[PDB]
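One chain comes next, on its own, written as structure tokens: the form deposited in one PDB entry.
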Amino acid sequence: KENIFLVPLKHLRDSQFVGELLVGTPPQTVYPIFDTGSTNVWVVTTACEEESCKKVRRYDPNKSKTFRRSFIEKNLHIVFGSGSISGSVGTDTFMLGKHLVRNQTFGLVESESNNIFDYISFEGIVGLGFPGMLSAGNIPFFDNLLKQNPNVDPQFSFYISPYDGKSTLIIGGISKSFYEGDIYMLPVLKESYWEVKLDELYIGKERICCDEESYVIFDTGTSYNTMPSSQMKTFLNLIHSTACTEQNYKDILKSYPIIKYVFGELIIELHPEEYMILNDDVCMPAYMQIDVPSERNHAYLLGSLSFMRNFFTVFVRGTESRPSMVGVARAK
């Protein structure tokens, strides 16, 4: 009975962090993406006979004594970048870091449509968002874990470290060996994504955003950072792709601007060596244009590669005594 426990995260060859999850009895091992930009739990099953599903640990429900199916024909389909996932719904017992989660609803990947799944070794998703993005089931996975493990405090934090393979997901609390200084908490505006109000956004000395209401989403399943299309045009007029090598990377980016996010009295800065990534012989901005249609108010994503590699993020679920908050600190 470990009230504070650690689930080690392994950065795969691509742009996602996966951890160990046991599904069923006797347990079957899968390595799903731990996602805070969605809520549903997906697991890749043996009913999927495509090569994209092969060469990856597949979960067989016919070998689980605790797997139960229902007669309601609730079929799930979610878009997943270039591909899409389609499957049925069921319930089984899960185990995440020596903690049992019984009678949990999850999606069973039965068809993988398009080569993205073959590249990333897709084995499932474990959503950690708020209820309301749950497509099927009565209770989300993380909510059910806290219910069946009352001693665990309703919070988890991500320590992202892809360079050395020491990334980890800590559930139930925080450790000073993953961050330095003090954590600044931000209130969560709307309980769909892990969303936070954004007051101002500065590219160098120029104010580019927050004429209208804008928000920040902390998505551990999105590698890059994002801005709306309107601000992304201004972003690239000031920030350009340049040729660089591993030896001259620091001197070339010495002239580049500092990106400042304003959260009330808190200011978060992304230095050029922190938001510029080296691919082949060019340094490119780790930023994307995604227009989030969930809320007409356009929002900004803080991802795993650029933001979380340098900042320790804390996801505090609200209870009857505290509201839901996101806390950020400098990574150690």
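If you superpose the two forms and keep the largest set of C-alpha atoms that fall within 1.5 Å, you have the rigid core. So that there is no doubt, residue numbering starts at 1 and follows the sequence shown.
Going from residue 255 to residue 256, the model skips none of the deposited residues; the chain is continuous there. Higher mean CA temperature factor, per the PDB entry, when comparing 115 to 123 with 183 to 191: 115 to 123. Higher mean CA temperature factor, per the PDB entry, when comparing 229 to 237 with 100 to 108: 229 to 237. Per the deposited record, 52 carries the highest C-alpha B-factor of all listed residues (304, 36, 28, 52).
The top Cα temperature factor in the record, among 144, 138, 167, 93, falls on 138. The deposited CA B-factor of residue 67 belongs to the middle third of values across its chain. Residue 163: CA B factor lies in the highest third for its chain, per the PDB record. In this PDB entry, residue 10 carries a Cα temperature factor that places it within the middle third of its chain's modelled residues. Ranked by Cα temperature factor within the chain, residue 157 sits in the lowest third according to the deposited record. The PDB entry assigns residue 16 a C-alpha temperature factor belonging to the highest third of its chain's modelled residues.
Heads up, the form deposited in another entry isn't pictured, but that's what we're talking about next.
Once the two forms are fitted on their rigid core, between this form and the one not shown the CA displacement reaches 2 Å or more only for 56 among 270, 286, 283, 56. Comparing the forms between this form and the one not shown on their rigid core, the Cα displacement of residue 11 reaches 2 Å or more. Annotation: Cα of residue 193 displaced by less than 2 Å between this form and the one not shown, core superposition. Core-superposed comparison between this form and the one not shown: the Cα of residue 136 travels 2 Å or more.
Distance between the C-alpha atoms of residue 181 and residue 6: longer by at least 3 Å in the other form than in the displayed form.
The pair residue 316 and residue 15 is at least 3 angstroms closer at the CA level in the other form than in the present model.
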